[PDB]
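Q: My questions all concern the structure below.
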Amino acid sequence: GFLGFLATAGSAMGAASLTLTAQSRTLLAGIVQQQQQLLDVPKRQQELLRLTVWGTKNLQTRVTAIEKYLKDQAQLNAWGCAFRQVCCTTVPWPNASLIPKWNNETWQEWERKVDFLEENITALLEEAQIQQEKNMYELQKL
Amino acid sequence: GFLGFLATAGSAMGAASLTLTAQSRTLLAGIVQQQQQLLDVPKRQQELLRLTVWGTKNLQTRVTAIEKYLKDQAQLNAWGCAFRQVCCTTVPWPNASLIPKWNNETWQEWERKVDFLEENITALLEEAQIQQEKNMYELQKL
Amino acid sequence: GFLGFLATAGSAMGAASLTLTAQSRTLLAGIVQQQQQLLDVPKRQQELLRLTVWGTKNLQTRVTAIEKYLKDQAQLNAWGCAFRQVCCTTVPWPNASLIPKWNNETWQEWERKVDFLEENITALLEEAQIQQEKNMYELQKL
Amino acid sequence: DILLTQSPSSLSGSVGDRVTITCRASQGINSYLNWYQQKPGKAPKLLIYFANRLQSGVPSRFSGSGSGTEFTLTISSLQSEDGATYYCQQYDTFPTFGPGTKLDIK
Amino acid sequence: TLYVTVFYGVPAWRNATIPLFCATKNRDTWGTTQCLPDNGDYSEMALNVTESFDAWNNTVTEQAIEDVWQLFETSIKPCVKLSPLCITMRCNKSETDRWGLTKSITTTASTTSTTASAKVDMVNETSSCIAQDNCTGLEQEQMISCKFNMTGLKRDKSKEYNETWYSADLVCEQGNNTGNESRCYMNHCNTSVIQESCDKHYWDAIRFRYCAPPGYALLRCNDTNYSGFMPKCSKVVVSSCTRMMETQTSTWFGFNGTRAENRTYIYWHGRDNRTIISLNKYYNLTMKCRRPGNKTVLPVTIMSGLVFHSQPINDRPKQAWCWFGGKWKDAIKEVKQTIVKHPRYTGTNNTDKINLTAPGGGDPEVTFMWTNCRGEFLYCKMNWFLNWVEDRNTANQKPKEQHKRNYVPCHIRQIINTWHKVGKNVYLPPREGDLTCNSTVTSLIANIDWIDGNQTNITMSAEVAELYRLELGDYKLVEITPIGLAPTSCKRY
Amino acid sequence: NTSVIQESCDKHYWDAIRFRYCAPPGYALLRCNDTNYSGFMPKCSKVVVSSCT
Amino acid sequence: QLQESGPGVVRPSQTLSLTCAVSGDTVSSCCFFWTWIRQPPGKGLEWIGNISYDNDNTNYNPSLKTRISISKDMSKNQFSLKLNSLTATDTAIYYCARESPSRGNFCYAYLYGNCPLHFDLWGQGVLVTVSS
Ligand SMILES: *[C@@H]1O[C@H](CO)[C@@H](O[C@@H]2O[C@H](CO)[C@@H](O[C@@H]3O[C@H](CO[C@H]4O[C@H](CO[C@H]5O[C@H](CO)[C@@H](O)[C@H](O)[C@@H]5O)[C@@H](O)[C@H](O[C@H]5O[C@H](CO)[C@@H](O)[C@H](O)[C@@H]5O[C@H]5O[C@H](CO)[C@@H](O)[C@H](O)[C@@H]5O)[C@@H]4O)[C@@H](O)[C@H](O[C@H]4O[C@H](CO)[C@@H](O)[C@H](O)[C@@H]4O)[C@@H]3O)[C@H](O)[C@H]2NC(C)=O)[C@H](O)[C@H]1NC(C)=O
Ligand SMILES: *[C@@H]1O[C@H](CO)[C@@H](O[C@@H]2O[C@H](CO)[C@@H](O[C@@H]3O[C@H](CO[C@H]4O[C@H](CO[C@H]5O[C@H](CO)[C@@H](O)[C@H](O)[C@@H]5O)[C@@H](O)[C@H](O[C@H]5O[C@H](CO)[C@@H](O)[C@H](O)[C@@H]5O[C@H]5O[C@H](CO)[C@@H](O)[C@H](O)[C@@H]5O)[C@@H]4O)[C@@H](O)[C@H](O[C@H]4O[C@H](CO)[C@@H](O)[C@H](O)[C@@H]4O)[C@@H]3O)[C@H](O)[C@H]2NC(C)=O)[C@H](O)[C@H]1NC(C)=O
Ligand SMILES: *[C@@H]1O[C@H](CO)[C@@H](O[C@@H]2O[C@H](CO)[C@@H](O[C@@H]3O[C@H](CO[C@H]4O[C@H](CO)[C@@H](O)[C@H](O)[C@@H]4O)[C@@H](O)[C@H](O[C@H]4O[C@H](CO)[C@@H](O)[C@H](O)[C@@H]4O[C@H]4O[C@H](CO)[C@@H](O)[C@H](O)[C@@H]4O)[C@@H]3O)[C@H](O)[C@H]2NC(C)=O)[C@H](O)[C@H]1NC(C)=O
Ligand SMILES: *[C@@H]1O[C@H](CO)[C@@H](O[C@@H]2O[C@H](CO)[C@@H](O[C@@H]3O[C@H](CO[C@H]4O[C@H](CO)[C@@H](O)[C@H](O)[C@@H]4O)[C@@H](O)[C@H](O[C@H]4O[C@H](CO)[C@@H](O)[C@H](O)[C@@H]4O)[C@@H]3O)[C@H](O)[C@H]2NC(C)=O)[C@H](O)[C@H]1NC(C)=O
Ligand SMILES: *[C@@H]1O[C@H](CO[C@@H]2O[C@@H](C)[C@@H](O)[C@@H](O)[C@@H]2O)[C@@H](O[C@@H]2O[C@H](CO)[C@@H](O)[C@H](O)[C@H]2NC(C)=O)[C@H](O)[C@H]1NC(C)=O
Ligand SMILES: *[C@@H]1O[C@H](CO[C@@H]2O[C@@H](C)[C@@H](O)[C@@H](O)[C@@H]2O)[C@@H](O[C@@H]2O[C@H](CO)[C@@H](O)[C@H](O)[C@H]2NC(C)=O)[C@H](O)[C@H]1NC(C)=O
Ligand SMILES: *[C@@H]1O[C@H](CO)[C@@H](O[C@@H]2O[C@H](CO)[C@@H](O)[C@H](O)[C@H]2NC(C)=O)[C@H](O)[C@H]1NC(C)=O
Ligand SMILES: *[C@@H]1O[C@H](CO)[C@@H](O[C@@H]2O[C@H](CO)[C@@H](O)[C@H](O)[C@H]2NC(C)=O)[C@H](O)[C@H]1NC(C)=O
Ligand SMILES: *[C@@H]1O[C@H](CO)[C@@H](O)[C@H](O)[C@H]1NC(C)=O
Ligand SMILES: *[C@@H]1O[C@H](CO)[C@@H](O)[C@H](O)[C@H]1NC(C)=O
Ligand SMILES: *[C@@H]1O[C@H](CO)[C@@H](O)[C@H](O)[C@H]1NC(C)=O
Ligand SMILES: *[C@@H]1O[C@H](CO)[C@@H](O)[C@H](O)[C@H]1NC(C)=O
Ligand SMILES: *[C@@H]1O[C@H](CO)[C@@H](O)[C@H](O)[C@H]1NC(C)=O
Ligand SMILES: *[C@@H]1O[C@H](CO)[C@@H](O)[C@H](O)[C@H]1NC(C)=O
Ligand SMILES: *[C@@H]1O[C@H](CO)[C@@H](O)[C@H](O)[C@H]1NC(C)=O
Ligand SMILES: *[C@@H]1O[C@H](CO)[C@@H](O)[C@H](O)[C@H]1NC(C)=O
Ligand SMILES: *[C@@H]1O[C@H](CO)[C@@H](O)[C@H](O)[C@H]1NC(C)=O
Ligand SMILES: *[C@@H]1O[C@H](CO)[C@@H](O)[C@H](O)[C@H]1NC(C)=O
Ligand SMILES: *[C@@H]1O[C@H](CO)[C@@H](O)[C@H](O)[C@H]1NC(C)=O
Ligand SMILES: *[C@@H]1O[C@H](CO)[C@@H](O)[C@H](O)[C@H]1NC(C)=O
Ligand SMILES: *[C@@H]1O[C@H](CO)[C@@H](O)[C@H](O)[C@H]1NC(C)=O
């Protein structure tokens with residue numbers, strides 16, 4: 001589609017350049033080409049669109065494109081900062097033993113050093129957003 | 001997945017505690033487990049993924065998870081207040097004959113008393129948002 | 001579903017009246033009726049839900065409803081102005097040779113005069129949003 | 001690059017004792033680490049290679065093992081002839097060598 | 001002070017194990033039904049990253065193997081079953097005895113001849129012995145004219161038909177036939193049912209490439225030091241789609257490969273001694289196979305109404321045979337040198353102690369070269385070729401195999417045990433007319449197996465599936481996961 | 001003899017089959033509501049919009 | 001086996017050269033690298049560069065990316081260094097080595113990180129002083 005995400009790999013975390021439109025673009029390129037094929041197959045074979053294996057493998061790939069897009073949006077909305085880049089959430093970093101070398105390490109190298117933190121962090125980020133929402137709920141009610 | 005929505009049932013409407021991340025969490029737990037199974041079935045049976053009944057029943061359940069998530073987001077965006085908790089819309093309540101006992105009644109008991117209002121209210125909430133949007137359209141144009 | 005979009009056709013671009021809730025409403029009307037049928041077919045025929053052609057044609061139409069909704073939301077988020085009506089983006093119009101008669105021409109007549117501009121504009125609109133996001137990224141980081 | 005350090009920087013033992021040197025890395029080395037023995041006035045020689053293999057010609061008293069970020073050199077019985085600077089080499093990438101450590105004789 | 005925060009739009013990825021899309025140019029049948037059109041975009045970007053690549057344990061190669069097999073199965077599934085043909089056929093006895101399917105003791109043959117008879121015979125494009133299909137040493141195709149009684153759609157009526165079988169396809173009952181008309185059955189019917197591969201399979205080329213779904217990408221190792229297994233590839237290239245793959249099946253040598261470069265590469269399994277040796281395109285190695293004669297094909301309608309294609313040749317043509325052109329002697333010397341210098345080889349450095357060899361055993365599946373010429377499978381006996389290319393001192397290989405030639409005798413087999421791990425037998429319809437195929441030779445499929453510093457044996461292999469691991473192999477499929485976490489001071493309000 | 005005849009056993013043609021088509025979400029049907037419509041008409045001035053035929 | 005050689009004293013801003021002869025072997029032998037390291041007095045071992053590599057490919061310590069050049073000459077069975085822009089900190093014992101790979105089931109490529117590699121064979125070492 002473009003693969004501009006991978007294009008900056010090796011540039012280090014600082015000044016890596018983050019792009020928020022990148023998932024929309026990979027999905028959009030995908031949907032258009034797959035839709036054209038959905039309408040093209042019936043020109044010769046309309047009956048066996050899902051009966052045989054190719055139509056169930058292609059269904060899983062079309063479903064994955066949609067489910068993947070939505071998982072990112074759902075996780076971001078759970079955190080609430082879907083369009084905030086750095087998001088600036090209130091959950092503290094777990095420990096001082098895992099601090100990135102912002103000017104030496106690449107995001108690819110860094111993320112693999114925090115895989116065991118993400119499991120606890122995702123929940124904490126959601127909890128922080130939930131309490132902020134509870135506080136606003138009460139302000140709107142009263 | 002968690003079922004934290006149902007967990008507070010019986011607590012009364014006031015102080016019920018509303019959570020906005022709850023649908024994202026039910027969807028996310030679902031998508032991950034179903035994706036793992038989509039990749040696991042082909043290990044033994046790749047051809048008959050949708051031909052036989054189990055693959056069409058599971059398709060309806062995967063489709064429902066996505067359609068349900070999107071119906072909530074689409075209805076909320078039609079109203080416009082997707083991330084506003086109480087939303088604070090401008091449509092007046094239909095009559096004084098149906099006022100909740102915020103400190104005695106539960107949301108489960110209350111909603112069943114307004115099922116015949118929701119049919120008219122949904123449309124009114126959308127209309128109110130539409131006029132607000134029309135007013136901003138003109139301000140942006142002029 | 002309502003078709004309020006087409007309902008104002010022929011009114012001219014100025015005062016055409018734009019509605020942002022309109023795609024949510026077409027999708028919502030669709031999902032509810034199709035879900036009712038998904039649950040109704042198994043009453044008599046649960047096994048052949050996707051094996052035969054009707055279930056793959058209906059799958060393509062249900063998939064289209066979802067993919068179409070998401071393409072609009074994905075393109076809008078790439079531009080970033082999903083709920084801003086006129087959006088007020090920073091990309092300049094390509095040339096003075098293509099200026100609408102806001103009080104004479106209809107959106108249907110106008111859009112067909114800019115089909116060859118949209119191909120270049122979509123990318124420019126995304127680029128403008130990307131740089132704005134880069135600027136905020138740096139402000140949040142520093 | 002990979003920072004390879006060594007400890008103790010200065011150690012000793014008596015002839016006949018068990019003496020060990022430990023090398024550590026800032027990044028994991030899959031197993032690609034060599035050990036060298038250098039005597040004054042001479043080029044270093046390979047003692048152990050690829051973590052666990054003794055270099056042919058090297059006496060059986062020398063052994064070692066390691067992985068990841070921690071590697072060890074062991075002399076099971078220190079000889080009077082083993083006073084030397086020992087060095088670690090990582091060759092996971094563009095070899096940098098550690099600082100070396102000294103084994104003296106008592 | 002330092003908060004987790006969320007970084008969206010991050011340039012990072014992890015291993016993906018998902019199905020890929022196929023895209024093609026040939027959309028006459030299969031392509032329209034299963035594939036997207038080939039976009040034609042073969043560009044790639046280089047990345048400043050290090051990544052681990054493996055060919056024998058990938059998702060890209062393991063889909064190519066399973067997808068080619070699966071598209072075959074869905075093509076033959078609706079074709080005529082030949083269980084109605086598993087009846088005794090009345091076959092000419094002379095031809096059954098001459099080709100050895102049946103026995104006779106009334107032939108009492110005795111031959112006196114010169115034993116110092118080994119010859120060297122070379123052929124090239126400018127030769128009448130190729131045009132006339134009569135190169136020194138070629139014999140007749142081995143075909144048994146057989147008759148049988150078959151019933152069509154009219155049920156209560158039947159006709160006798162003329163079918164000529166290749167000997168390779170018959171069983172033939174033995175014992176006490178003192179007359180004529182031996183009693184034969186198809187070679188693979190009784191333990192199973194033979195299905196005809198009716199939808200033109202193998203009559204044309206199948207080529208396609210794989211494309212990652214949205215959010216996924218393919219990384220490729222673009223080194224020259226890539227040997228199939230490489231834990232740290234410094235030249236990583238990213239793209240959305242793979243190179244175009246040729247889904248060709250054969251044993252011993254691979255033909256028409258896409259990875260045809262002016263270099264010899266040898267991929268080795270990391271945990272094994274199995275390799276695929278590409279050949280240097282510099283030498284224009286080519287195999288030209290011929291099916292002499294002019295076949296007649298006669299459709300037969302069988303009971304259910306589906307049609308079987310019979311082969312009533314009623315003639316005696318020469319053997320199918322193959323001619324090897326290009327600088328084979330030099331291409332093979334490079335293979336030996338490439339093995340000697342290879343990182344995983346600790347054998348002999350004497351190239352005169354490294355030899356090509358057939359796999360052992362009496363099993364035709366490994367001892368013959370199996371190749372596809374527009375729908376008919378040929379099984380070639382390659383002793384003449386190997387002796388020639390190695391300039392081997394034959395001397396004691398039994399008179400017939402003691403020749404050095406750049407061509408080999410071969411035979412046609414119509415009932416084929418297919419290449420995947422199935423045990424399924426299908427019938428390949430005959431092609432009408434004459435056949436010729438001119439293919440390039442791009443790889444040598446072999447195991448390298450030595451036990452000492454003298455004798456290395458490059459053993460030709462029949463594992464056709466591994467050929468797909470040269471066509472792809474250098475690809476890795478990854479998932480882009482652009483959400484990162486990292487301590488920073490920038491907490492909201 | 002040239003083919004196999006299959007019986008049309010599931011009451012086909014024994015009753016009337018009637019149905020209408022409906023556009024999926026985001027789509028609509030336009031109809032030409034002229035009296036001058038003769039199958040081919042490049043510019044129909046009476047265009048009517050609906051969701052189903 | 002490996003015998004190095006060159007001027008004991010060179011000046012700042014000059015170029016140093018060191019040539020090592022290979023005895024009982026050649027410089028075209030398969031799967032070996034001809035390498036150099038330095039040992040400044042009082043310091044440990046610094047790798048500076050590598051060329052038999054059977055090819056014209058080299059690997060240099062990035063700190064000398066624009067200062068070091070390595071070449072081989074098959075008519076002499078020799079290989080050598082050229083180090084430009086000399087300074088006082090370049091005083092060191094320069095040593096040669098083969099960095100032989102361990103060929104076998106653990107070697108995939110003759111690259112760092114993809115094959116056991118070690119300096120089994122070492123030369124004598126030449127001390128070069130940079131001074132006025
Ligand atoms: C994304 O995709 C990539 C591409 O596929 C993935 O990369 C691959 O990841 C695999 C693991 O997920 C790696 O394989 C594993 O390697 C381990 C290390 O192997 C070396 O050390 C072995 C012993 O060393 C011990 O002691 C040292 C210290 O002294 C410790 O540090 C070690 O941890 C050990 O405790 C040694 O035996 C190995 O050598 C043998 O295996 C390798 C295989 O790569 C062969 O190449 C060698 O020739 C040799 O082969 C022998 O054994 C095989 C059987 O496997 C026989 O067939 C041969 O004939 C011969 O006898 C190495 O030097 C292994 O320990 C590990 O094995 C254990 O675990 C597996 C399960 O994972 C079990 O099945 C085993 O039985 C055993 O218990 C395994 O082999 C791949 O190397 C790596 N590939 C590449 C190109 O880098 C990546 O992970 C993916 N990422 C994600 C996120 O998914
Ligand atoms: C949404 O859906 C709608 C509904 O379907 C779409 O509307 C339809 O769009 C089509 C194109 O996409 C139109 O068809 C095309 O019309 C062109 C113009 O035809 C007229 O001029 C012809 C010659 O004129 C030349 O010279 C003048 C100047 O002097 C130039 O301006 C012209 O451009 C030319 O260069 C003339 O021959 C035509 O008359 C013949 O064709 C029409 C067909 O409509 C017949 O009705 C006539 O009776 C006559 O028929 C003859 O030819 C046919 C063969 O087609 C024979 O069968 C007959 O027996 C007889 O001999 C007109 O006066 C054509 O040039 C164009 O043809 C070329 O391109 C097509 C491919 O598009 C090729 O297949 C052709 O072979 C040829 O190269 C084509 O016919 C439809 O009219 C229009 N329908 C309606 C109701 O309006 C809409 O586009 C869709 N929109 C989107 C976005 O998808
Ligand atoms: C390694 O790579 C090589 C090189 O690519 C490959 O060899 C080539 O294989 C292809 C595919 O089989 C061959 O292409 C076919 O060639 C035949 C024969 O054409 C010659 O002879 C005729 C005689 O009539 C001459 O007129 C003609 O000019 C040539 O000299 C063609 O007949 C094939 O076309 C058919 O399909 C077309 C589809 O669009 C039809 O339009 C066309 O009319 C033909 O129809 C016929 O076949 C149909 C089968 O589906 C049948 O239904 C029809 O009724 C009719 O019979 C096509 O062009 C190409 O010639 C080979 N070239 C060489 C040098 O060998 C090797 O096969 C490959 N090897 C391996 C192991 O992979
Ligand atoms: C596409 O692929 C082809 C085939 O691989 C390449 O062609 C080869 O290219 C190499 C490099 O130029 C050639 O190698 C050189 O051959 C010279 C001639 O030697 C002949 O005589 C000796 C006996 O004395 C025979 O053993 C040999 O086979 C020849 O018949 C040598 O003089 C060269 O020597 C150089 O290297 C050695 C180290 O090995 C030094 O000691 C020498 O001093 C000198 O520097 C060298 O060996 C090879 O012969 C070519 N093969 C063929 C079949 O022609 C193409 O180059 C490649 N295309 C591209 C664009 O890369
Ligand atoms: C095809 O071969 C002929 C004959 O060459 C001989 O027979 C071959 C089968 C093989 O065994 C060769 O090694 C033999 O030498 C070629 O004709 C000869 O060409 C050479 C020049 O290279 C010339 O000096 C000879 O006089 C020619 N011989 C005759 C009888 O005219 C012919 O060129 C080859 N065709 C092609 C396309 O290369
Ligand atoms: C399928 O048939 C084969 C071969 O058929 C028999 O042997 C032929 C030479 C000929 O004489 C035919 O008429 C015979 O029917 C069977 O293979 C033989 O099996 C027997 C055991 O029953 C064994 O002793 C023989 O050596 C086998 N011969 C060969 C050539 O393989 C095979 O068992 C039959 N399968 C089934 C399910 O009946
Ligand atoms: C494969 O190569 C052979 C040549 O080896 C081609 O056959 C020649 O075709 C021309 C043109 O019809 C004739 O004039 C020659 O006499 C033929 N040569 C021989 C030996 O018969 C053949 O056409 C090529 N490819 C295919 C698919 O047939
Ligand atoms: C490929 O084959 C070689 C040759 O047999 C194997 O090499 C032997 O490995 C064992 C250790 O497992 C040593 O003890 C032998 O001395 C080696 N033999 C020779 C002749 O060097 C090699 O291990 C095999 N590769 C794999 C991956 O199994
Ligand atoms: C990537 O490598 C090229 C040299 O091939 C170099 O010019 C470029 O600066 C490198 N980029 C990064 C981020 O390391
Ligand atoms: C603390 O840091 C270590 C790394 O040294 C890491 O393994 C561990 O998981 C961290 N603990 C927490 C709570 O983050
Ligand atoms: C990068 O490495 C150098 C040492 O080479 C070190 O001084 C510097 O602080 C490191 N950068 C970061 C961000 O830690
Ligand atoms: C639910 O019942 C328990 C006793 O089983 C009681 O302690 C608790 O307060 C009740 N909660 C609500 C919301 O009524
Ligand atoms: C008025 O209140 C009654 C309950 O007493 C309810 O049934 C009715 O629907 C309400 N009318 C409106 C317009 O809400
Ligand atoms: C709850 O019920 C009591 C009577 O038991 C009543 O006085 C009180 O007002 C009710 N609460 C609400 C919110 O109506
Ligand atoms: C549409 O036509 C009617 C007459 O049939 C007219 O009254 C109305 O104003 C027209 N609307 C527009 C937008 O032209
Ligand atoms: C300039 O205007 C003409 C219309 O006269 C149009 O065709 C062309 O595409 C326009 N160019 C740009 C860059 O928008
Ligand atoms: C509409 O057309 C009239 C001429 O009839 C013209 O004067 C007027 O400026 C046009 N309106 C616009 C917005 O261009
Ligand atoms: C292939 O690699 C995976 C790890 O990615 C491992 O779990 C699996 O066992 C390997 N398969 C083989 C061939 O052993
Ligand atoms: C077989 O062919 C011969 C001619 O060689 C012919 O006489 C005979 O009738 C044919 N038999 C059948 C059954 O077709
Ligand atoms: C052939 O006939 C003899 C009797 O003359 C009998 O013993 C033998 O078993 C028979 N063989 C076969 C294969 O029928
Ligand atoms: C050969 O077949 C004929 C019938 O076509 C028969 O009359 C004759 O006796 C047979 N030959 C022998 C030796 O039985």
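By order in the structure tokens, chains are A, B, ...; within a chain, residues start at 1; ligands start at 1, following the order shown.
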Let me have all residues with an atom within 8 Å of ligand 7, counting only C-alpha atoms and all ligand atoms, laid out as a short mmCIF file (atom, residue, chain, number, x, y, z; two decimals) with C-alpha atoms, in the first residue's frame.

A:
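Printed below is selection26.cif as written:
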data_model
loop_
_atom_site.label_atom_id
_atom_site.label_comp_id
_atom_site.auth_asym_id
_atom_site.auth_seq_id
_atom_site.Cartn_x
_atom_site.Cartn_y
_atom_site.Cartn_z
CA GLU E 125 20.20 -28.23 -32.78
CA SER E 127 21.30 -32.42 -36.43
CA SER E 128 19.14 -34.79 -38.43
CA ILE E 130 17.00 -35.05 -33.56
CA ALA E 131 14.64 -34.08 -36.33
CA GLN E 132 14.07 -37.75 -37.19
CA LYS E 288 14.58 -30.19 -24.75
CA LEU E 435 4.84 -32.88 -28.34
CA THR E 436 7.93 -30.88 -27.85
CA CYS E 437 9.00 -28.82 -24.75
CA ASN E 438 11.99 -26.52 -24.44
#

Q: For chain E, list the residues within 12 Å of chain D, counting only C-alpha atoms, and write the list as a list in words.

A: residues 50, 231, 232, 233 and 234 of chain E

Q: Could you write out that same residue set with C-alpha atoms as a JSON list (two decimals), in the first residue's frame?

A:
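Contents of again-v9.json, freshly written:
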[["chain", "number", "residue", "atom", "x", "y", "z"],
["E", 50, "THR", "CA", 18.71, -6.71, 11.12],
["E", 231, "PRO", "CA", 19.92, -15.72, 11.90],
["E", 232, "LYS", "CA", 21.14, -12.14, 11.22],
["E", 233, "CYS", "CA", 20.57, -10.69, 7.69],
["E", 234, "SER", "CA", 21.96, -7.18, 7.44]]

Q: Apply DSSP to the backbone of this structure and, from chain D, keep only the residues in strand (DSSP E or B); write these as a PyMOL selection string.

A: chain D and resi 4-7+10-13+19-29+33-38+45-49+53-54+62-75+84-90+101-105

Q: Pick out the residues no farther than 9 Å from ligand 20, counting only C-alpha atoms and all ligand atoms, and list them as an mmCIF file with N, CA, C and O atoms, in the first residue's frame.

A:
data_model
loop_
_atom_site.group_PDB
_atom_site.id
_atom_site.type_symbol
_atom_site.label_atom_id
_atom_site.label_comp_id
_atom_site.auth_asym_id
_atom_site.auth_seq_id
_atom_site.Cartn_x
_atom_site.Cartn_y
_atom_site.Cartn_z
ATOM 1 N N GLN E 174 -0.683 -63.255 -14.735
ATOM 2 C CA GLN E 174 0.312 -64.185 -15.236
ATOM 3 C C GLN E 174 -0.018 -65.635 -14.958
ATOM 4 O O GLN E 174 -0.603 -65.964 -13.928
ATOM 5 N N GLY E 175 0.444 -66.502 -15.850
ATOM 6 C CA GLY E 175 0.358 -67.943 -15.660
ATOM 7 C C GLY E 175 -0.651 -68.688 -16.562
ATOM 8 O O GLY E 175 -1.810 -68.285 -16.674
ATOM 9 N N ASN E 176 -0.144 -69.767 -17.212
ATOM 10 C CA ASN E 176 -0.793 -70.737 -18.108
ATOM 11 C C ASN E 176 -1.570 -70.140 -19.308
ATOM 12 O O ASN E 176 -2.606 -70.677 -19.712
ATOM 13 N N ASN E 177 -1.034 -69.075 -19.961
ATOM 14 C CA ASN E 177 -1.629 -68.533 -21.199
ATOM 15 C C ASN E 177 -0.795 -69.145 -22.312
ATOM 16 O O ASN E 177 0.389 -68.831 -22.462
#

Q: Write out as number ranges by chain every residue belonging to chain G that has an atom at most 6 Å from any atom of chain E, counting only C-alpha atoms.

A: G: 103-105, 107-109

Q: Please give me, as a list in words, the residues lying within 12 Å of ligand 5 when counting only C-alpha atoms and all ligand atoms.

A: residues 119, 120, 121, 122, 123, 124, 125, 126, 127, 128, 129, 130, 135, 136, 323, 324, 325, 326, 327, 388, 404, 405, 406 and 407 of chain E

Q: At a cut-off of 9 Å around ligand 9, and using only C-alpha atoms and all ligand atoms, what residues come up? Please write them as a VMD selection string.

A: (chain A and resid 8 to 12) or (chain E and resid 46 to 49)

Q: Nearest to residue 48 in chain B: which of E:370, E:70, E:223, E:387 is it, counting only C-alpha atoms?

A: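 For residue 48 in chain B, the nearest of the given residues is E:70.
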
Q: Return as an MDAnalysis selection string the residues belonging to chain C that are within 9 Å of chain E, counting only C-alpha atoms.

A: chainID C and resid 140:142

Q: Write a file of the just-selected residues containing N, CA and C atoms, as a PDB file, in the first residue's frame.

A:
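Done, and the output landed in result_9.pdb:
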ATOM      1  N   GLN C 140       4.286  17.644  22.309  1.00  0.00           N
ATOM      2  CA  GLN C 140       3.986  16.739  23.417  1.00  0.00           C
ATOM      3  C   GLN C 140       5.245  16.090  23.968  1.00  0.00           C
ATOM      4  N   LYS C 141       6.172  15.710  23.087  1.00  0.00           N
ATOM      5  CA  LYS C 141       7.436  15.127  23.533  1.00  0.00           C
ATOM      6  C   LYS C 141       8.306  16.140  24.320  1.00  0.00           C
ATOM      7  N   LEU C 142       8.348  17.421  23.861  1.00  0.00           N
ATOM      8  CA  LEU C 142       9.094  18.528  24.445  1.00  0.00           C
ATOM      9  C   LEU C 142       8.088  19.606  24.840  1.00  0.00           C
TER      10      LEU C 142
END

Q: Work out how far apart CA of residue 255 in chain E and CA of residue 441 in chain E are and give it in Å to one decimal.

A: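 That distance, rounded to one decimal, is 4.6 Å.
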
Q: Counting only C-alpha atoms and all ligand atoms, which of C:100, C:30, C:1, C:14 gets nearest to ligand 15?

A: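 Among the listed residues, C:14 lies closest to ligand 15.
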
Q: Compute the set of protein, DNA and RNA residues whose minimum atom distance to ligand 14 is at most 6 Å, using only C-alpha atoms and all ligand atoms, and state it as a PyMOL selection string.

A: chain B and resi 101-104

Q: Write a file of the selected residues as a tab-separated table (two decimals), in the first residue's frame, keeping C-alpha atoms.

A:
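Saved the output as selection.tsv:
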chain	number	residue	atom	x	y	z
B	101	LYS	CA	-36.13	7.28	41.12
B	102	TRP	CA	-32.43	7.90	40.73
B	103	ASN	CA	-31.70	6.66	44.26
B	104	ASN	CA	-34.15	3.59	44.34
